[PDB]
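Okay, structure first, notes after.
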Amino acid sequence: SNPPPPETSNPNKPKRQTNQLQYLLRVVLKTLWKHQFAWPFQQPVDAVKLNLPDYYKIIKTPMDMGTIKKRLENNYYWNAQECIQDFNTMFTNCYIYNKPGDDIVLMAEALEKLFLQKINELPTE
Ligand SMILES: CN1C[C@@H](Cn2c3c(c4ccccc42)C(=O)NCC3)CC1=O
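Encoded structure:
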């Protein structure tokens with residue numbers, strides 16, 4: 043009914059950290075996760091429960107911070123850009139599905155503002 047949970051662990055992928063991946067987990071994710079607006083974004087959108095039966099028709103690639111958090115904890119990302127893309131996909135999804143001015147879009151905008159500020163201080167590759 044809902045799409046399967048996105049993959050958060052990669053078998054046979056070696057454990058490798060980078061400065062940027064460390065920053066994305068220990069600074070960026072940590073700051074966004076504790077924000078008062080984080081909660082709609084802490085797990086996949088359950089469009090069946092939330093009565094959004096057109097959501098998956100519009101959103102071909104769902105993404106959320108719970109998935110990102112698990113991916114970072116599991117060292118699923120090969121590089122920081124994959125993780126940054128997941129954050130960007132999450133925000134884009136919100137902006138192309140919901141009416142501007144709806145609470146959820148205002149919440150996404152506040153989280154993205156903080157995200158982009160932290161990304162301005164991303165360590166150089
Ligand atoms: C990440 N999500 C959550 C989904 C459910 N949803 C919506 C609002 C909303 C507000 C607070 C929690 C969930 C909310 C809102 O303002 N207008 C309608 C949609 C839509 C979406 O893209």
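In PDB author numbering, the protein residues as written are 43 to 167.
Ideal Cβ placement from N, Cα and C applies to all residues, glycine included.
For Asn121, no alpha helix (DSSP H) run applies, since DSSP gives it neither H nor E. When the alpha-carbon of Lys111 is set against those of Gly143, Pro45, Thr50, the nearest one is in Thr50. Within its own chain, the residues whose Cβ lies closer than 7 Å to the Cβ of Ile101, once the five positions on either side in sequence are excluded, are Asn135, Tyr139, listed in chain order.
For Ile126 and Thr73, the gap between their C-alpha atoms comes out near 15 Å. Here the region 140 to 151 makes no contact with the region 89 to 96; the two share fewer than three CB pairs at distances below 8 Å. Counting other Cβ atoms within 10 Å of its Cβ, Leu71 reaches 16 or more and is therefore classed as buried. A Cβ-Cβ separation of about 6 Å places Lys160 in contact with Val69 under the 8 Å criterion.
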